[PDB]
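Everything on this sheet refers to the single structure shown next.
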Amino acid sequence: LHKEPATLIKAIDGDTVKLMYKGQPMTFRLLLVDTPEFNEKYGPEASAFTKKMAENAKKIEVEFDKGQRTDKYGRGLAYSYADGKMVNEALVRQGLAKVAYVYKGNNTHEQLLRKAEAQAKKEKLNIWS
Ligand SMILES: Cc1cn([C@H]2C[C@H](OP(=O)(O)O)[C@@H](COP(=O)(O)O)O2)c(=O)[nH]c1=O
Ligand SMILES: [Ca+2]
């Protein structure tokens with residue numbers, strides 16, 4: 001997989017962000033995770049976590065997997081990095097997302113994320129509390 005440039009347009013919620021990619025605005029949905037919706041428990045904390053990580057970053061990058069790059073709603077499907085740190089992994093590591101939506105052929109980082117989830121669950125963090 002390859003990291004490609006993007007710039008932040010706007011935080012949306014814990015697992016979706018609006019980025020400019022190849023010079024076009026697009027909403028990205030983060031691969032392999034599910035955050036609570038804003039109206040659900042930990043939703044506001046997940047949204048805040050992603051917003052801070054994206055807004056504080058000097059450099060945002062997106063990394064597509066091997067499979068589908070767009071979902072049925074036209075959202076890009078990627079892993080996103082803020083100053084080299086994977087946002088997807090970070091959310092899971094903090095217990096603010098579950099590993100989810102693991103589809104064959106877009107699952108390169110599944111084991112990395114499941115290891116983070118196991119650590120969050122051992123620490124009883126947030127959704128695992
Ligand atoms: C993360 C991800 C979500 N989706 C679709 C499945 C879900 O469809 P439904 O909307 O029919 O439930 C939806 C969940 O996204 P959200 O968790 O953003 O709501 O996005 C994909 O198709 N591929 C993916 O990799
Ligand atoms: Ca969600």
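These numbers come from the heavy atoms of this one structure, side chains and all, not from hydrogens, waters or symmetry mates. Just follow the structure's listing: the first ligand is 1, and inside any ligand the first atom is 1. Heads up: numbering here begins at 1 and tracks the sequence.
When the N, O or S atoms of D34 are ranked by distance to the Ca ion (ligand 2), OD1 comes first.
Taking 4.5 Å as the limit, every side-chain heavy atom of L77 sits out of range of all side-chain heavy atoms of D65.
Here's the thing with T16: none of its N/O atoms is less than 3.5 angstrom from an N/O atom of ligand 1. In terms of polar-atom proximity, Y101 is not counted as a contact of ligand 1, lacking any N or O under 3.5 Å from an N or O of the ligand.
At the shortest separation from atom 22 (O) of ligand 1 among protein heavy atoms lies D71 CB, 3.9 Å. Protein heavy atom at the shortest distance from atom 23 (N) of ligand 1 is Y103 CE1, 3.5 Å. Closest protein heavy atom to atom 15 (O) of ligand 1: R75 NH2, 3.1 Å.
Between the side chains of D13 and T16, a donor-acceptor pair is found at a separation under 3.5 Å.
Of the heavy atoms in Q68, none comes closer than 4.0 Å to ligand 1. Contact annotation: for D34 versus ligand 1, heavy atoms closer than 4.0 Å belong to the side chain alone.
Comparing heavy-atom distances from atom 8 (O) of ligand 1 across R29, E37, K72 singles out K72 as nearest.
A search for side chain to side chain donor-acceptor pair (under 3.5 Å) contacts involving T35 returns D15, not counting sequence neighbours.
Ring pair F64/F28 is tilted by interplanar angle, where 30° to 60° counts as tilted.
The angle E37:OE2 - the Ca ion (ligand 2) - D15:OD2 amounts to 150°, with values rounded to 10 degrees.
Under the 4.5 Å side-chain heavy-atom criterion for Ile, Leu, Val, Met, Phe, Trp and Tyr, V33 and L112 are members of the same hydrophobic cluster. Each of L31 and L19 belongs to its own hydrophobic cluster when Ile, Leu, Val, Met, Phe, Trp and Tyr are linked at side-chain heavy-atom distances under 4.5 angstrom. Cluster annotation: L113 is not connected to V62 through the hydrophobic network of ILVMFWY side chains, with a link wherever side-chain heavy atoms come within less than 4.5 Å.
A 6.0 Å sphere centred on CD of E4 holds more than 12 heavy atoms belonging to other residues, nucleotides or ligands.
Look at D13 and the Ca ion (ligand 2): no N/O/S atom of the residue is under 3.0 Å from the metal.
Shown in contact with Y73 at under 4.0 Å from a heavy atom are these atoms of ligand 1, numbered in order with element: 9 (P), 10 (O), 11 (O).
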